[PDB]
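Step one of this worksheet: look at the structure below.
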Amino acid sequence: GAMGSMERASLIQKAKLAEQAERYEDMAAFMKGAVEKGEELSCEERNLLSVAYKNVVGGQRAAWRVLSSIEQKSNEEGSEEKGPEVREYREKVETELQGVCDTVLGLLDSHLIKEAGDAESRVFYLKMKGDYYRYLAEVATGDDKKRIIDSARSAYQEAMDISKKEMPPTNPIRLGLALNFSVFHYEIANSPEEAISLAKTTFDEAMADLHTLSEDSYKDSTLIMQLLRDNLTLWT
Amino acid sequence: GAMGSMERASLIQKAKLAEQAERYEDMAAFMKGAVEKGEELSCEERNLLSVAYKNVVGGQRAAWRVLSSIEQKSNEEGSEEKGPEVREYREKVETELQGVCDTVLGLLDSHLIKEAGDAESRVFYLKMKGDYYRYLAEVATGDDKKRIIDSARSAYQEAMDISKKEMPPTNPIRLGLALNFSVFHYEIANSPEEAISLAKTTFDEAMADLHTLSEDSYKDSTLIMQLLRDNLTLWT
Amino acid sequence: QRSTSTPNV
Amino acid sequence: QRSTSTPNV
Ligand SMILES: *CC(=O)NCC1CCN(C(=O)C2(Nc3ccc(Cl)cc3)CCCC2)CC1
Ligand SMILES: *CC(=O)NCC1CCN(C(=O)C2(Nc3ccc(Cl)cc3)CCCC2)CC1
Ligand SMILES: [Cl-]
Ligand SMILES: [Cl-]
Ligand SMILES: [Mg+2]
Ligand SMILES: [Mg+2]
Ligand SMILES: [Mg+2]
Ligand SMILES: [Mg+2]
Ligand SMILES: [Mg+2]
Ligand SMILES: [Mg+2]
């Protein structure tokens, strides 16, 4: 590891600096280094890890979608087929994306998840596991597409089971998990009715628990609830 | 070169794809590969090279400014001095920025400029040379700050001399050169009066030649003239 | 239009 | 506020 010589606290500090500077690849590298120190992550540190990798993979996903669209348009009878370059470059970006997902999944497997015993930590990491299998699913076409989809489903389901037992329905981790699992159902699993049902039940059960929250917690929960509502509006 | 095995035309095509995908580091790598084929660049290809590297260095400059600001605030009596991390990370980004500038300057020196015999090509590359010395100047503090500044000045001046002899005052390359040289004078050389005089004379001489232009050329020229006016408004 | 997942901020 | 140089687009 290129970060093995740097102090854990220095890596975390530099991740925060990288975030300010909008240097998300650096941020991710610093947070990978921090994880590889072998200690459990705090809430704030888990968020740093997530922000970093979400930004990196988000850029890759956006690029892949642009290239895939150009490729699909190129592979038709209308304009012109301009040789192997679009496919080659889409494949390059795809492979880089898959690599990032593999890196995150690797951190989760070695050994964030197995050491995570509190509900907040375990659900957070299982949600992440679902998310990065979902990103793999977005680009999968081969023999393993089904298995990738099932891996995402299984991670999300384990997270859901823990979240329903251990967290209130307004907990932002529980809400974000349900949001993402609902996106999985709609966009990946071809199960829009499951997506809609999950989003609606999640929204309604959260609504009923808002009365228990402080002003600040209310803001946190309702912001995610809005996203559930936005998807329901799109889907229905 | 990692791009040595790829066809020139494929590199150019992939640079265009990378631009669409907002993958500017890839775009720059593809264009570096194209330059290293040893053939002169067309107008469109020169623009691709410029767009790619401007975006890469622009991200670095933005990050460096964020980190420098945090560092300067940290190096005062008010809050707290939090060890070497901000300086270290600012230095890392600085070194990466300097490396990009060195790469571009290297392409220009080996051998874009010496092969560029037409006014449009030669002025374009000399402007680029000025620009990347200017970016080095933005971060320079040591023994060579003066020499870096003079290198930028000398490149811009050679470009100006050719542009005044060979191009109309509305030519977009001539206008962009004058714009950037005026920024050099104001921001780097501590010569705001020179900056203002150059911007005003450039604007006025262009205004007087607009009548010669087609609708499309008028749009090209006036867009850059607006930037001269914006700076003059800021500076006065 | 694509569904919205949990954002960073 | 910083001066404006020639943009990409
Ligand atoms: C304590 C702990 O592990 N907290 C994680 C923290 C929860 C609060 N939070 C959010 O509400 C946003 N992002 C996420 C990210 C992942 C999940 Cl599972 C839930 C929510 C921040 C902006 C959108 C919601 C940050 C992460
Ligand atoms: C033929 C040739 O070399 N053209 C370069 C080309 C000129 C037109 N153009 C522009 O007007 C913008 N960018 C630049 C970039 C560099 C210079 Cl020296 C001048 C103008 C495009 C948006 C801003 C103006 C692109 C480059
Ligand atoms: Cl490629
Ligand atoms: Cl560093
Ligand atoms: Mg230590
Ligand atoms: Mg045809
Ligand atoms: Mg593939
Ligand atoms: Mg060839
Ligand atoms: Mg103090
Ligand atoms: Mg230095």
Side-chain angles (χ1 to χ4, degrees), chain A residues 2-3 5-31 33-34 55-74 80-97 100, chain B residues 2-3 5-31 33-34 55-74 80-97 100:
Chain A
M3 303 298 177
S5 62
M6 202 182 311
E7 289 276 18
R8 190 187 188 281
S10 299
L11 288 162
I12 297 300
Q13 182 180 355
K14 290 180 186 180
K16 294 171 187 178
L17 295 166
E19 189 186 20
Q20 295 297 310
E22 298 177 76
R23 294 270 297 195
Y24 296 109
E25 292 191 13
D26 287 350
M27 193 187 175
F30 293 137
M31 289 310 303
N55 276 284
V56 172
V57 81
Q60 295 174 315
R61 292 164 72 205
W64 183 93
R65 289 172 192 169
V66 166
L67 297 171
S68 283
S69 177
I70 295 170
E71 186 182 12
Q72 287 174 288
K73 289 168 194 289
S74 174
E80 192 75 25
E81 173 81 317
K82 282 188 196 168
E85 291 85 356
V86 189
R87 174 186 54 77
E88 287 169 352
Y89 184 45
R90 187 270 301 156
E91 285 178 359
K92 178 189 172 298
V93 171
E94 188 171 297
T95 299
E96 192 191 284
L97 183 159
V100 167
Chain B
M3 303 298 177
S5 62
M6 202 182 311
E7 289 276 18
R8 190 187 188 281
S10 299
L11 288 162
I12 297 300
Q13 182 180 355
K14 290 180 186 180
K16 294 171 187 178
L17 295 166
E19 189 186 20
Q20 295 297 310
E22 298 177 76
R23 294 270 297 195
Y24 296 109
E25 292 191 13
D26 287 350
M27 193 187 175
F30 293 137
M31 289 310 303
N55 276 284
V56 172
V57 81
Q60 295 174 315
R61 292 164 72 205
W64 183 93
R65 289 172 192 169
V66 166
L67 297 171
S68 283
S69 177
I70 295 170
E71 186 182 12
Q72 287 174 288
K73 289 168 194 289
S74 174
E80 192 75 25
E81 173 81 317
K82 282 188 196 168
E85 291 85 356
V86 189
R87 174 186 54 77
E88 287 169 352
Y89 184 45
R90 187 270 301 156
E91 285 178 359
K92 178 189 172 298
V93 171
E94 188 171 297
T95 299
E96 192 191 284
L97 183 159
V100 167

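Just the heavy atoms: all of them, side chains too, but no hydrogens, waters or symmetry mates, feed the values below. Here is the naming used below: chain letters follow the sequence lines, and residue numbers restart at 1 for every chain.
- When side chains are defined from C-beta on, B/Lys92 counts as touching A/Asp26, because their heavy atoms get closer than 4.5 Å.
- Residues B/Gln60 and A/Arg23 form a side-chain contact, since some pair of their non-hydrogen atoms from C-beta on lies under 4.5 Å apart.
- Side-chain contact between B/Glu7 and A/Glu85 is absent, with no heavy-atom pair separated by less than 4.5 Å.
- Residue A/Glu81 qualifies as enclosed at atom CD: its count of foreign heavy atoms under 6.0 Å is above 12.
- Side-chain contact between A/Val66 and B/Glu22 is absent, with no heavy-atom pair separated by less than 4.5 Å.
- For chain A, the nearby part of B/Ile70 is the side chain; its heavy atoms alone come within less than 4.5 Å.
- Legend: residues meeting side chain to side chain contact (heavy atoms under 4.5 Å, CB included) with A/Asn55, ordered by chain and number and at least two apart, are A/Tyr24, A/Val51, C/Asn8.
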- [ ] Evaluate side-chain contact (heavy atoms from CB on, under 4.5 Å) for A/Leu17 paired with B/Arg90, printing each intermediate quantity in order.
- [x] CA-CA 9 Å; A/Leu17 295 166; B/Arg90 187 270 301 156; over 6 Å; no
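- Residue contact with chain A, scored on non-hydrogen atoms closer than 4.5 Å, involves the backbone and the side chain of B/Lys82 alike.
- Heavy-atom distances place no part of A/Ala9 under 4.5 Å from chain B, backbone and side chain included.
- With chain A as the partner, the residue from B/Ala18, B/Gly83, B/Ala62 showing the most heavy-atom pairs under 4.5 Å is B/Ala18.
- In this structure the side chain of A/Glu88 reaches within 4.5 angstrom of the side chain of B/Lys14, judged on heavy atoms.
- Heavy atoms of B/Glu25 lying under 4.5 Å from chain A are absent altogether.
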